[PDB]
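Every chain is named by a letter (A, B, C and D) in the order it is written, and numbering of its residues begins at 1.
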């Protein structure tokens, strides 16, 4: 049949993939090659003119990576996909394909740190200006739009407190003003949120997180209309960033995404249990999790997301020193950056990543001294809870 | 001892590598990971502040990739290396790190096609203008320099006829005017040419070609001063292109480069034999190979290159149709783009890659209708010669 | 803490693994090496004498494979593990380590085909005799025991109709007579059955099936007492079969087993739904599945197994031709041998694998003309059911 | 054409390989799969009956591994190849396929240690007796033959002093008496010696050594007549040892063997230079190297071998303590077991591997207290010589 007709779990397993045509191999072969051989001058010419299907060179395209791209296009309900060397490369390949000197972007302020760095420091040096706004307030997005605005850029849920952005509303605002909406869907995966179905034009992911899910791949993906993806591929990737994905990385990501449905279900079931535990703990001042009814945008979450996600942020009593004590007291949770791994990961930005940053600078970014971010893994939730309880009690 | 003190073959094998510290494993382990775990909040903070050695996240750095970077820095006699997702990414990460809106670049015209596309179409759209010149004439480089020129960019030998550029002379001209010289050393590898030793500031490679050598990796490398590489890493790669190399790709490239010395010796020995055969063949109008005494810049080649390389271009009698007939008549040489593989590769641009291009447009790029490019592999040269003789005779 | 103290899901994720000591890498590094380097003659001597921890050579042991071995030992509640090149190698390394000329084995008859071949044809040619019995009847096992019997060998559930063997009862019988009990636990995985906890001495798996779960690894594992595993390693593997596992295969298996808990839960939930559908279908004469109350050994299953498994066998009305028609009519289920993959796999032995076999020979092995074996994957069960319904209806 | 018609270097690069049929990928794809899918019941049946070409299951066969098997068959001038999990598995799969209880083997005494262990301790326990002889004396081989002798087994050059065995003469003796000759060709590779061309029936290798050459694969290969290889595959491997090779390992070995010709040339050129240096050194009592005219079987070597190999053994003045001092004093050579890597490896058996062994037991095996074994790598020979000179001088 057509893989676009099956249930979502069936698609996760099968979409974009098929047994190898020459051998019947069930696993997608790893086409770890740089180049491809033609049977004749004519076949070569036909492919370079695009009068013929087939491969030429891995930077341009590759059968293993094509399977991943097609799978993710199916899962996001987009026309086409483009795999990249990293999440950052997915974002920059996208924006550098769309924008040129004199153009403007309206971006959420509550975004991934490195994305913020690209937008605030690099883009302007190429003559592309960026206005940062609070995207939880769609009116701020409207107010910042200019005649030269080409793109509105958002993430939801957002760092660090998992605030939300109303995708459908923002899409309508962007489109009314003739701009595209690009959504970073990394935190949710297509299993939990589908920005294209809500009106977004382009979705990007760091597959480094949930899509791969196994903490062993750096990579990104872009999904959108064929006409845009063709430009992102044959100009953005080919000429500008050169950020192609290794066939081995694509194969690992294909392998990891096979279990996306069951992983997300467990991540989110575990996260809800842990979030409820934290919300009841007298040493914890705040818990940020879309699945708690106390979330300021709970109702939007119920409309836009199928599950509340696997990430929790929370604030511990006693600020900086308590956060440090707590994170140094966990025995099961692992101190690391990143998220979406099978192992539970924990970080305390004020004493770790953002130690080098001024306290007032941290606050403006929504990072309080006691803020802890937890990526909930696939362990027994009782074990994670017991580890957190132990560490919190010691710290406070 | 210090690996920088050994002979070049010893360095090829050993530089940048060591047995694994925890296990003694001889092969560099494949650190196919996204993230790294800290033992404490304090250790995490120290690494983010750069007060401590150690890893954080593979996009920023990785032990496997670090070995490759250090090895290539040693081989090029540069301070530091930076691995990338592709040769293109090495070039663009370099130039986008160095240049901003209002800046200017002077570039050779005889350069890699996709590089030409980036420089001619993409850079100007970011407000960075490029002047193209004939770099075989250092005076044209001087004449094109402007107060805003930041970079002079060259490749040598150059496509498609393997003309040369005088690195030392061009370096002096660039430096007198306060610009950096960037050299694409892909065709030669560090075994055959060392641009940094001749005054270049930065060297880039597609490792897809000779450095890896096994036709199974797309990748690039940048070598230069520590201060520049630090910016290329923590700004160019981290924020702008996102073009990081997969640890698996770095491991394959480490593995491939182990045999760089013996491969280049054989590629070049084979190429010289084939070039001499072609030069004596009455159906071949021209042969472009630095190792032939008839090369217009032969003497420069002898001063700048340790070996004449593994690439040959030649023109067959009878133009377009003869080139097509010939390439369709080889039985051993493989019709493919790319170069530097263990297999002999052949292409006829006018009937293949550049078929879609106007004949006069091809000519301006130095591509005549009968021009064939041959990447000489590791086969017995008698077999390659016999295959060429057979195909040439049939075609003419 | 100690990984043996955590919940089973926590163990699945964490047991046998730790961040890399030298780098903190979260993913177990792929130690794809043949040999290991010593810091001194003395260190080498200490390791060969076994007076020192550390590695020597990958056939003897490897850090990546050691992690897998330790994880599986934890999951089966055994002392030690030994990884192998295949499930077959796990079985033969085990039995060839234990048995010599003149020894005897009592084996179940309802076992994996290739195991049956080894036991019936190869063992006797080495002077090791085997008696085959119906292991669903523990009294047949007792009756076949001889003074020279060293081993009783069983699989449960068994091929092809998923009959069971009472592990605890058989263990007691074997031990009373001074024999070891070896159990092939492939069909269940440690998540669903724990033979060592029921008195078995040694457990073997083809990790090719559920433990890896991703249809991309051939491999085996042996778990048992340290003293036995040491002999299986330093004699059986080192000298006799040479069946060591590649570090890359061990790494993939580690990666696959991370999701064992969530995969088995979904496989079994899906299988129960499909089995109930089949049991209600008028074109299906019989359904063999431990989770159906009509299973002849249902109660034993409830005592010995935590879940009913992901495999179903069933008989279609109309025998050979109907089975052929049905299997040629599925659109989602894939025609293939093997089991435990994320994709649903289906086979019809009488028209496929056992076509070359005489009908009466097939019957003696429990293979009827209409018997179909289904390995239930991770797709939406509604999609699998609809595919089966469609194919069954067309066929009957 | 036919790959069996090209020169040996051409065969090394091309034999057994072809661009991928579905995509044209130049690198042999990594078919990292367990199973294969059939298009119909009929296609499945045809393959199991062997009425049809195609794959079924990786333990039985795999497209990546098939390429390696075919390549090595071409290089050894044998009909067919069979890849295995290790060199040991190549040997035992071979001998356990050929021999049964009551059979007899005549083996060289100067053989690989683990092979000796299998033959002396394991085989007899399966009722297969082995007579060990000095194979440098073909008359000892004849004298040990019995009516039940099925196989004569030899290695050449032999451990530890690189003595030789006259393959052609021994083949004639074996055949006159109705036995097969099996030759372990690991030390030479097919580039330096071709036992099948001299009358051997079966060749085995540890590909862990020179064939792979990169110190990152454990693996073996068997080459012989189709009828024998079919039995070794469908009985020996399938049922008995289960020692199949991982497709990834086969792919790495294919990749490594591409440079076999150029590697062996350099290994042997380097080894001859080092051997001559050692022969002139007053602190070195003996040097064992086939390339020295003082070798007791020099003339046989010139007739049987195309190059003298990359391995050297030598004895240092001062026995055990001097050997220990010397090996602890090298700075470039790496202390490790194994051989055939790109790095120079060194070991001193009396103070390392064989420390746990009684001095008189070592002597009987040809291991003197001052004996050092050197696997010469691809480094500059001047650097290796300088390292050896430094270490020898310090030690003596």
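Here is the rule we go by: a contact is a pair of C-beta atoms (placed from the backbone, for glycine too) under 8 Å apart; a residue touches a chain by one contact, two chains touch by 3 or more.
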| item | value |
| --- | --- |
| Selected from B-D, C-D or A-D, interface repeating A-B by over half of its contact pairs | C-D |
| B-C against A-C, pair bridged by the larger set of C-beta contacts | A-C |
| For subunit C paired with subunit D, centre-to-centre distance based on mean C-alpha positions, whole Å | 33 |
| Gap in Å, rounded to a whole number, between the CA centres of subunit C and subunit B | 49 |
| CA centroid of subunit A to CA centroid of subunit C, Å | 37 |
| Contacts with two or more other chains, residues of subunit C listed in rising order | 19, 26-27, 32-39, 215-216, 334, 336, 341 |
| Graph class of chain-chain contacts, one of line, ring, star, complete, other | complete |
| Pairs of chains, among all present, that meet the touch criterion | A-B, A-C, A-D, B-C, B-D, C-D |
| Touching residues on subunit B, where the partner in the complex is subunit A | 32-42, 44-45, 48-49, 56-59, 84-93, 100-101, 114, 117-118, 121-122, 125-128, 208, 212, 215-218, 220, 235, 238-246, 248-249, 252, 323-324, 327-328, 334-338, 341, 345, 347-348, 351-356 |
| Interfacial residue positions of subunit D with respect to subunit A in the complex | 19-27, 29-39, 54-55, 63, 251 |
| Subunit C partner contacts - residues on subunit A that touch it in the complex | 1, 6-10, 12-14, 19, 26-27, 214-216, 255, 258-259, 261-263, 265-266, 331-332, 334, 336, 341-343, 377-380, 382-383 |
